[PDB]
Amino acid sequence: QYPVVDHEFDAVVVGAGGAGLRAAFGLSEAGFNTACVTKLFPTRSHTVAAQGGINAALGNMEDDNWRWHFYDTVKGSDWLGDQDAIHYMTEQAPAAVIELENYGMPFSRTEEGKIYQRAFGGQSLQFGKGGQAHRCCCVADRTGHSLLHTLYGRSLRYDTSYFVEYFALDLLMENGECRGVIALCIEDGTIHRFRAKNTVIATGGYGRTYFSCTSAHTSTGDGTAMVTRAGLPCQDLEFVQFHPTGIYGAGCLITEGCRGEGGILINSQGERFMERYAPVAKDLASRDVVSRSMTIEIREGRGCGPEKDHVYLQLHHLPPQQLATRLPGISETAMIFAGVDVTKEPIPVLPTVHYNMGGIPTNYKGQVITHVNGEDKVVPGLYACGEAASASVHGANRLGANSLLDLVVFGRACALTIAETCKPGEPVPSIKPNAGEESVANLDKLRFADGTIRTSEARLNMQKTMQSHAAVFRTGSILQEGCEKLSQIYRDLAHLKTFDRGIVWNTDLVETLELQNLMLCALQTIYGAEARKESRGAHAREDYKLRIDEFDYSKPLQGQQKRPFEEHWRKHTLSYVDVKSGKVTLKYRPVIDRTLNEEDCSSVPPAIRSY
């Protein structure tokens, strides 16, 4: 009933954000015939909304060292980060940012002409003992905008075959290998099968599983959901980052660069309350700590506004010229969406879903991995990078300005790994004559759905269930109440209701597909959250307040009884889903503690985590 157009490339990239673009023209740069499949015009991707900047130990403000940045990221990750990936990311960061500037990225400038860098949350000098670092390189507070527009501009020089407004439905799997993807062309309504020896999944996050989020409407975790439908695991999905200062009401992001430039958080009694929660770092502590600090203030009666449900972010003590030069983007946004003049009145803010630490598990080379009987096994022909991937460089909590860096480092890395492992023009692997037909059947059933609950009604019940049961603080009885509700919503997807029976630009259909994608991501999130009986990074259990490592790392390790791998929690969560039932399966895999070179960059053993 549907026409199918078959393509053959050396490689296929799914996503056109910062990470997909870097990978896609990286692959063409290396001679590969590359296809870039994206459901958005590339510069509409959520990367364009990024503000604060991108971290690199350039030393433009003070003497820096990329290993200090390594330490901050490991400590920030709460020792759920893989230290070999963090090593690669943080050592490559100066060259990554310099590449972007050489591409033409219009970085702000210092008196010496070099890239301006601002302070940002939880970044220090001298391995934590030397005070505040200034290594977040930025284009005012429009950094992601400039990064994405520079990469897109750069991409136009190469022979990459773009497939814009194409909606990937599923991977094309054969004998445990990935041979490409199947996608819907939204413009003319045709089904396209992309065959390639290598596929790179760079589909962004899935923040829209929640009611309030800074994420775009298009952040529905489409690539996370294809992996899950392929039978592969997703990693650490229960670690959702709550940014401290999402604007009250609209949830739009107000950058942490506000606090990097001098802004401070104030409660209903005018106390810079971060002086009590983090006496050292204050409003520049890690985001999981700040969001918890703000949330604790609100449920204890010290909330602001008429409803006592948010707090304030004060900037008017800073000079208006600094606010105009360093923060012009959020000055406009605060006026448009909250009527606030940032030179006179504070911004209403509250913790808001912002970024997904979890995602598709990879190694430090970008290659997607699975776990069989205690060993990692690379999936042949399948790669992931960006917020859709779990390298894992961010572990249990991401430092601000490390995501944009993640994008270009591991986007390039996927291109480098394919180029050293394979050659262009090598045989394009064959597929079955009816490969991907299940993707078409599912799309056609949704296209003509005529049940009793429209897509919009089901998307809401999911977002309110996530918001009430997996918020900044979590307990077992609330997480389990939300597990049964969410698994009930998934079973109720059988009674979905659409109206648009067309196939050209059927956003009714596409958003139904995105709801399926969101639901797979949300179940893995809340079920992995319920089983994790500890508190690490953004995941806070009030019925398990302590961090449970393989040792008690507060007291000397001398003669300690080491906890077996099944009796502690310093380990990644691996989640699987039986798509028909919705049943979630959980396993675990160890955290990689070794660096790429211990003589060049010492491994950081777990320690107490305070800011």
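Each residue number is its position in the shown sequence, starting from 1.
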Look up the CA B-factors in the entry and say which stretch, 302-310 or 248-256, has the higher mean.
302-310
Tell me which of 289-297 and 73-81 has the higher mean C-alpha B-factor in the deposited entry.
289-297
Among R547, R44, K39, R67, the highest C-alpha B-factor in the PDB entry belongs to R547
Choose from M89, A458, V164, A413 the residue with the greatest Cα B-factor as stated in the PDB record.
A458
What third of the chain does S28 rank in for C-alpha temperature factor, lowest, middle or highest?
lowest
Tertile call for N102 (CA temperature factor, within chain, third-based) is the lowest
Please rank the C-alpha B-factors of the chain's modelled residues and tell me whether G528 sits in the lowest, middle or highest third.
highest
The third of the chain into which the C-alpha temperature factor of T573 falls is the middle
Going by what the PDB entry lists, where does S430 fall on CA B-factor within its chain: lowest, middle or highest third?
highest
